[PDB]
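Chemist:
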Amino acid sequence: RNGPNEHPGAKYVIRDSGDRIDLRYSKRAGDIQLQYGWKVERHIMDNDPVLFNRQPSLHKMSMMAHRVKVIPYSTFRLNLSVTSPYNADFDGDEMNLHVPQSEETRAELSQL
Amino acid sequence: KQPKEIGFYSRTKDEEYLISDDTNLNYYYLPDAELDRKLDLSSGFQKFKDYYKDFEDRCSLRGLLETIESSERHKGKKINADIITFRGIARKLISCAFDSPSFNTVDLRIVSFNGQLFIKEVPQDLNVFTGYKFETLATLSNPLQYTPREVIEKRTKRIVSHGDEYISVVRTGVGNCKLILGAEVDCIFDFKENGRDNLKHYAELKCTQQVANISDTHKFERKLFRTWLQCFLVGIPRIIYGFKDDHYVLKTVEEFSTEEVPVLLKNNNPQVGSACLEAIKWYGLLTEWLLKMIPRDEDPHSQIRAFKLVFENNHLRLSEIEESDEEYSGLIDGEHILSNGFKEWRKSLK
Amino acid sequence: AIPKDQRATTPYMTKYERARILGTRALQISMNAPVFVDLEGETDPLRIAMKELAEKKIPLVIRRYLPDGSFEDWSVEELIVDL
Amino acid sequence: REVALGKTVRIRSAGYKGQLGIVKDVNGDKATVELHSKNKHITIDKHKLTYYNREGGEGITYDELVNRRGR
Amino acid sequence: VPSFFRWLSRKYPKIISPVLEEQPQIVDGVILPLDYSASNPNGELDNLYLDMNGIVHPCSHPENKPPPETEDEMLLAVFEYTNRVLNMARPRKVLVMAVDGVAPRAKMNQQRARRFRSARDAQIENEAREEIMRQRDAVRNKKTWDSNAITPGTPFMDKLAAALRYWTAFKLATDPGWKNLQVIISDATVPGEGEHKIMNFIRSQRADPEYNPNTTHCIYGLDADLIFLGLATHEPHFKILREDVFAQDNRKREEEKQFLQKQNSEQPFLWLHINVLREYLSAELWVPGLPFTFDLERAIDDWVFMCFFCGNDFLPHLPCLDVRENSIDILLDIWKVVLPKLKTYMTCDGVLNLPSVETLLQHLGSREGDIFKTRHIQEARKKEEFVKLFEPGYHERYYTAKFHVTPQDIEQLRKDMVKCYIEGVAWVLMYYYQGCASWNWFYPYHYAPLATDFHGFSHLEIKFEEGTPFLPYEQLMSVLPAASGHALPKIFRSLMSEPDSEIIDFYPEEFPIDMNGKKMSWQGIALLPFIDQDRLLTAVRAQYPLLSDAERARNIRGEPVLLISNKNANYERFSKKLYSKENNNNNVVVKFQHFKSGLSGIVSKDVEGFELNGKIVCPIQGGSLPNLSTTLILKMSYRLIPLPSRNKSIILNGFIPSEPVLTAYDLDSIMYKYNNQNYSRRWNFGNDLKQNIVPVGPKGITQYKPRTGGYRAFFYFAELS
Amino acid sequence: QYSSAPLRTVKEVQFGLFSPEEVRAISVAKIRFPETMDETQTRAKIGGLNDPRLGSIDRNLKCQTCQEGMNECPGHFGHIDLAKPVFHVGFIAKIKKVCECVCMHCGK
Amino acid sequence: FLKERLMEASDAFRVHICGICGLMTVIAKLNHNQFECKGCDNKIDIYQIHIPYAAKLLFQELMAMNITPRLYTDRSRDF
Amino acid sequence: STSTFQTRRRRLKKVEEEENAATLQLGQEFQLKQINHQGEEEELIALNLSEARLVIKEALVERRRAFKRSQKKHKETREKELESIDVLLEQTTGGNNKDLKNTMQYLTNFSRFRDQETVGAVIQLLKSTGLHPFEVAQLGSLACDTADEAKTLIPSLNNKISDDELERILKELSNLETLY
Amino acid sequence: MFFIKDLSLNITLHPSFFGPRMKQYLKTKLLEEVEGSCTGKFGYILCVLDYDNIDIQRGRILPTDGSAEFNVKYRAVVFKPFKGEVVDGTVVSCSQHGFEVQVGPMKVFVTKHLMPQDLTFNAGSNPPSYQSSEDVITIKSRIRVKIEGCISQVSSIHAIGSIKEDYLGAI
RNA sequence: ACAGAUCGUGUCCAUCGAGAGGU
Ligand SMILES: [Mg+2]
Ligand SMILES: [Mg+2]
Ligand SMILES: [Mg+2]
Ligand SMILES: [Zn+2]
Ligand SMILES: [Zn+2]
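Protein chains in written order, with the authors' numbering: chain X, 393 to 504; chain U, 19 to 141, 161 to 387; chain H, 73 to 155; chain R, 797 to 867; chain Z, 3 to 138, 147 to 263, 274 to 404, 595 to 931; chain F, 5 to 112; chain B, 1146 to 1224; chain D, 4 to 78, 117 to 221; chain Y, 1 to 171.
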């Protein structure tokens, strides 16, 4: 019902046998009832385990799993103590973020 | 045994007891659109027209005697069955097993003039009106294919009246004894066959309240037990039931089958299935006890004996009423039953 | 090729095995599989999986493959969890 | 066939009072309106914002249903 | 691709379903016969009411490979097509084939026009061929028979009728799976246009007391109105079979040739199930807060009436309603918005409500100007009847150009046009709903009025007469154009070969096709003079006596012929009734109902000359077809039971509702006018043809869907939860 | 899309050369014309480098061989009948070594 | 996570491989629910595998190089 | 769905030794010395016309008895034979079961042995020879009058059985099939 | 001709059905699956005997989803029309191409080119058949027919029959 | 017999080299 406009919203609704539904063109949201077994492509919310990477990736510490915290500015914010394993500073560095797409990957990233 | 049709009898208003016609037959017609619509089953409560016991004493078997006499005249010889009972009356006879005598009080008289058994019948509003209304909008006078659309439109808002009763005489044999029962027909769901058995073409309908918890579910299960015993007693394919609510609005109409009801009933609760088995055994036990000590004399000139059956202390109390009692004078001496034509036909059989 | 009295593998439960079991249980719960424990009002499949693993109520069997090709089957409830 | 499409509008009330923008997309009761000075897009109720002419003139409320034109 | 097919595809998706046709295999030069008794993968089918006229025509004179044989090739082609469609459908209860015969005077004028044209284009093509060999003997012309030769009363119709009986007898004898199949043949002698007989038979069967509401019927035909005809009879479990044209593969331009041959030999077919379309209509005709009660049964007949008003083969199309693809929605929404203004419905079993039609036409005329302006704008944009002043709607110009009459005459002509148009609308509705209103009604005009007309029809009443069906010879004279002397009696040829006063006026030699009435195809209008009744009738009745008795014997109305097999359940009863009594008279008629097997009706002794323990000769004498005997089939006359009352559109009791193959999402999509514009994803209709099965066949003993309550409803709710 | 074929995972890969008979056996068409789209640059030439049996060229139409679109059709292999045998560029050294190993007049 | 990143978040393709030849040259007609391998006239053992489109392209290029990368779903050992 | 793993270079055997033949040459799946689920080196089991009918009938009655006991714990000649297996199939297998009716009807119509003792002793009589169980099943099922019919019926018995022994057990089977 | 083989079947079960009744769920799955099957390798499956110790092994869980793959072991009666085998059946259909036989559940065709020219299609008799000398054959009559080979391994399974053999016809 | 204007969803402009960059 929130729609793909506010942060706590969704972009797509997947019914049985594919048949993707777009929540920004159809506008039929609100009058749609979600039956069991469907899939909803919600936005990335808080406490979501994601993969955080810096290049070049020399050791395994260059890949870490963090918890998503939504911030009101267009930049990546991290604790100062994790810069040493990343070997990164704040003079213009660029780092990549990857999100899981299944429970298997999410759980294994969180626990490993 | 398999029930076999003997004949069809009509009992219209004013006690005319017409024989051998289908003027009092109805046909089921209820589209799903009507069920979806919020039909009202309580309008015109003041339009009720009653032709039941209040109008005249319907507790008689004169019509049944006339129709069986006509059937015997058409066929000949004597029917091997030994017990005559109304379809509704026979249900109350066996219902006392699981019902208190206060709830089910039955007063009947037997006659052994034919060396057989002759049961004689002896004697809220809003619910009755709602049931009659459901019957009226659930039935049609003539077959639908020959029914004009305007007739259907008038029926959708027609008056509520009592009548058009269809009575069918069926000889049903259970165990080592054969019995003949006068069934009641309310509607014909499927097609109708002329001059042929219509037992598979008959139906049965009623009304009940909507359930809310397990207590109402158990009450509906008991009602289904009663109607299944009824159907097993007569033989009826359709046990369609109606559902009503506090606002008296039709909600759901079902399509129960005779064979499917016992299986689901046993699956729900074993206790009600055990009660079903106990009742079907007790019916045969009661019949075999009745055909044991009752004095049967095939001689028409033999003296007739009158008995009274009252269910007290979980026992059927049967005793011969003295001939000096006024009940016998007003029954046999007063020619209340055993009409002149019926007695003449009985004497001719001798 | 499934010995029982000659199981030389460690009786403890590895981190990879724990992660795989938790993930599989969470995914099954998410896709509406029956749950054998009460949830205490929880609504996250992963934490439900951890709660099930806490009391050893996960009906799964671990098949540890030896390098040659042989294997032995270890039940989840019989594996000691210490990490 | 929404009337509020590609028309210069002015936002009233809320925190964007007096701003000038052009409607881009309409999603039910909510419509997406861009901004002239600010380089951002905001979504507000279509019944709230007023409607002006493309060239420039008087402004009117959402009563444009009875007159499928500009101004 | 036809506009109607894609229009119904985009407006009503998931309706077209592919046919799971089984491909026969040949090994070691041996072709294994198809198992008729095997279960049909396309669902259970019982009735196969089929139109033979729609299968004989495509085989004859096609776009490629014309048949050189006079009749043998055509008979073989129709036989193989019938075998293919029968194997594809696999009926189990009754198969009915109908052939077009006598029609009402309206279809009469229309066919006249159509053929006359066909003759003109045949003359053009053969004179072009003649000059082609001129610029190069008479044996290279390859002049195939004209399409006008297919007309009731010709010897070709007799040959077709004889061929069908032999074909069905051979199939019944050689196929063990046809033990419980009944075949009904309606030759050209029986009046009807092929589909009218079908709907008459369907309505007659629905009136049987023992008729089964769960029976499934399928109609095969390439006509564009049979889809609406199926919805008009209010019979669920109805599927329409037709050849697929959406592919439209490349035509002909070794192994490549063999692949092209097998591609043509495997033309696909598409299903048009309307049981799942009934939900589409039910989610479309709903009106918010309508005064009177609303039901699906009353909504579909009104939609069918509106669709027929859009365009019919009897009356000319309205000038404002010419596309017949977009104006339907316009009049549908007009009817929707004007429905609350009325306290009743529009049509009641074919009865037309005058005030409702008056309001509808007044609203259409009010909206007529906007539609005309929009179409003018579209035409001008596309570009960027002789005189059209667009500002005043060219009503007077249209009248003076299509009739050439003075203002007082145009007023009286608009009055008469309104009268005749409303009478024709009532007649076509009555014909398409219940029986035939009249066999003599005609439209004495070449166009229809428009604009603010039709408002004075309220003070009128409709009353027709049964009349009498036209004889084959008079109908043949009326429909057949000039020349085409083949398949004609010598008396008619002699009448043609003399300069008679009525010959030139009624049947001229040149058709003026100057009336294109805004179109770009063979489509046109009938400028031919409207033939009267008295002159043609007197000429035919005067030419009748001198005709030979043998030729005059082909003037009986006839009756459908039943061809039940030797193992039918009612075969013994029919044989005992019609042969043991040996009454030797046309008086023994049985009245068996639909309870036993099927095909409820009244039968009688055959008048063709069928005999027991006899033999039937091959009618075509080609292909070395086996000569069978009469001990395996029974040729007897069949008669339709007259309807005791009007064919009321009421669903029969005990009907099992079809399960919804449709989700509520598309229901609300159509309800809210979501359209495919919002769905920016590519809606590949080809991919929409893969994942559709559309199960057909009653689902569940109970005839009422769960609507809460208790007991079983509570158990179902608990299971769902 | 649903396929009735059972779903399995690859367990091993067997490398090897392609026999001249096998390529012809698996080939669905023979390529002889070196020019493509010779039908007045409208359609694809039959037997050319863009034969329709080789696979679909645009998403809407289907592939004649298997009847899917581009997203599902994996493509099909043809063959070319060389007039004379041609040495493999990547096997010249191996061919020379094996020719040195064996006799040039007999297979011994 | 590696498998998901390589397949689900990237190219993912499904192909049919003949169980005798081991190649992907299998004629599949999902409309009629039948498969055939013209190389060895095989119709009763067809398997479907999930491989990235890049792997399919590499295998097709190798086949064009007169090299057969036969793929099998069973382990070959002993006898 | 298979019971034998790949062997003898099943990937690219490229032999194509036909598909079937009358003179043995049975299919690969129906090969001698089959592999049992738990055991090994077990020969192929061949069933005669009478043996197969008894096997399916006994399996059907066993399944019906199991279903009846589960429900309880939860709570002539040819003409008579058709009713028996009709009422057996109408509730045991369930479903469409269209194919099962024809097989059972063919088994009943063409049944040779109807006595349990006779069919049981058939294997004891036939075990004397070392013939392949397929051909012994063929001679047990198909009727015969002397050695010529048996020799002409199949081409798998060329000089594999002595004529005197062949005629002896052919007459033995003739009387064992004519006694019932 | 009838054989019993230790067949194997692979099935996939959704984890939403992972209850105590998985064993009986798989049992009914197999029961409706192999009944009436027309596999081209094994042949015709008629009955599934030995409804005991099915020995349902452990179900490996696919990494993609929560479903589990089961490998059930079972034995059943098979039916395959081995080429060159003499069988006896009954006539069901008889067109001008030939007369069919009802050996088991199949539709073996005896095409006109197989049996000698003695048999002639006489349509005069009420049942269409091939009445001729050397004994009488009709619809629903005893007939022994040999099998030439197996065709159409996919979908339905059937064969082609012949009568041109000494001591093969009539009977 | 029957026998269509476009509509409705529509997919992107690619490759090869060269240079300038920033962690
Ligand atoms: Mg830096
Ligand atoms: Mg009642
Ligand atoms: Mg038409
Ligand atoms: Zn392809
Ligand atoms: Zn292969």
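Yeah, the Cβ is synthetic: ideal placement off N, Cα and C, and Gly gets one too.
Could you spell out the range, first to last residue, of the alpha helix (DSSP H) harbouring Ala191 (chain D)?
Modeler: 188-194
Chemist: At what residue ranges does the region 17-71 of chain F contain a whole run of the alpha helix (DSSP H), taking only runs of 4 or more?
Modeler: 24-30
Chemist: In or out: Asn894 (chain Z) buried (at least 16 other Cβ within 10 Å) or exposed?
Modeler: exposed
Chemist: Would you mind listing the alpha helix (DSSP H) stretches within the region 685-730 of chain Z that are 4+ residues and don't spill past its ends, in chain order?
Modeler: 700-706, 711-716
Chemist: State the start and end residues of the unbroken beta strand (DSSP E) segment that holds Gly149 (chain Y).
Modeler: 142-151
Chemist: From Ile856 (chain R) to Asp390 (chain Z), what distance separates their C-alpha atoms?
Modeler: 28 Å
Chemist: Closest Cβ-Cβ distance between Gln1205 (chain B) and chain Y: below 9 Å?
Modeler: So no, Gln1205 (chain B) is outside the interface.
Chemist: If the cut-off is 9 Å on Cβ atoms, which residues from the region 836-852 of chain Z count as contacting chain Y, listed in chain order?
Modeler: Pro836, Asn837, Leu838, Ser839, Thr841, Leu842
Chemist: Counting only runs of 4+ residues fully inside the region 837-903 of chain Z, write out the alpha helix (DSSP H) ranges in chain order.
Modeler: 874-881, 885-888
Chemist: If contact means a Cβ-Cβ distance below 7 Å, which residues of the region 5-30 of chain Y contact chain H?
Modeler: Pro15, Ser16, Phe18, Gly19
Chemist: Whole-angstrom Cβ separation of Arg63 (chain F) and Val32 (chain F), contact assumed at under 8 Å?
Modeler: Going by Cβ atoms, the distance from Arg63 (chain F) to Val32 (chain F) rounds to 21 Å, so no, they are not a contact pair.
Chemist: State yes or no: is the C-beta of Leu242 (chain U) nearer than 8 Å to some heavy atom of ligand 2?
Modeler: yes
Chemist: Out of F:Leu86, F:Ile84, F:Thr13, F:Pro38, state which residue places its alpha-carbon closest to the alpha-carbon of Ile1191 (chain B).
Modeler: That would be F:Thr13, whose Cα lies nearest to the Cα of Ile1191 (chain B).
Chemist: If I follow the unbroken alpha helix (DSSP H) through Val211 (chain U), where does it start and stop?
Modeler: No alpha helix (DSSP H) contains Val211 (chain U), which is instead part of the beta strand (DSSP E) from 202-211.
Chemist: Say the cut is 8 Å; is the CB of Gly168 (chain U) nearer than that to a heavy atom of ligand 2?
Modeler: yes
Chemist: In the DSSP assignment, find the unbroken beta strand (DSSP E) run with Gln246 (chain U) in it and report its ends.
Modeler: Unbroken beta strand (DSSP E) run through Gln246 (chain U): 243-246.
Chemist: For a contact defined as C-beta to C-beta under 9 Å, what are the partners of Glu782 (chain Z) on chain F?
Modeler: Within 9 Å Cβ-Cβ: nothing; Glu782 (chain Z) doesn't reach chain F, min ~47 Å.
Chemist: Take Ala188 (chain D) and list the residues in its own chain whose beta-carbon comes closer than 6 Å to its own, dropping the five residues that flank it on each side.
Modeler: In chain order, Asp204, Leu207, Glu208 place their CB closer than 6 Å to the CB of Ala188 (chain D), counting only its own chain and leaving out the 5 sequence neighbours on each side.
Chemist: Since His83 (chain F) sits in a beta bridge, which residues does DSSP pair it with?
Modeler: Beta-bridge annotation (DSSP): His83 (chain F) is paired with F:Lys34.
Chemist: Checking contacts by CB at 9 Å: is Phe924 (chain Z) closer than that to chain U?
Modeler: By this cut-off, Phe924 (chain Z) is an interface position.
Chemist: Provide the residue(s) that pair with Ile45 (chain Y) in DSSP beta bridges, ordered along the chain.
Modeler: BP columns for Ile45 (chain Y) point to Y:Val78.
Chemist: Scan the region 1180-1209 of chain B for residues whose Cβ lies nearer than 8 Å to a Cβ of chain Y and list them as they occur along the chain.
Modeler: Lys1188, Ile1189
Chemist: Taking just the CA atoms, how far does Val822 (chain R) sit from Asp859 (chain R)?
Modeler: 17 Å
Chemist: For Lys71 (chain U), tell me which candidate among U:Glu190, U:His199, U:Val124, U:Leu57 has the shortest Cα-Cα distance.
Modeler: U:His199
Chemist: I need the straight-line Cα distance from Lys17 (chain D) to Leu46 (chain Y), nearest angstrom please.
Modeler: 33 Å
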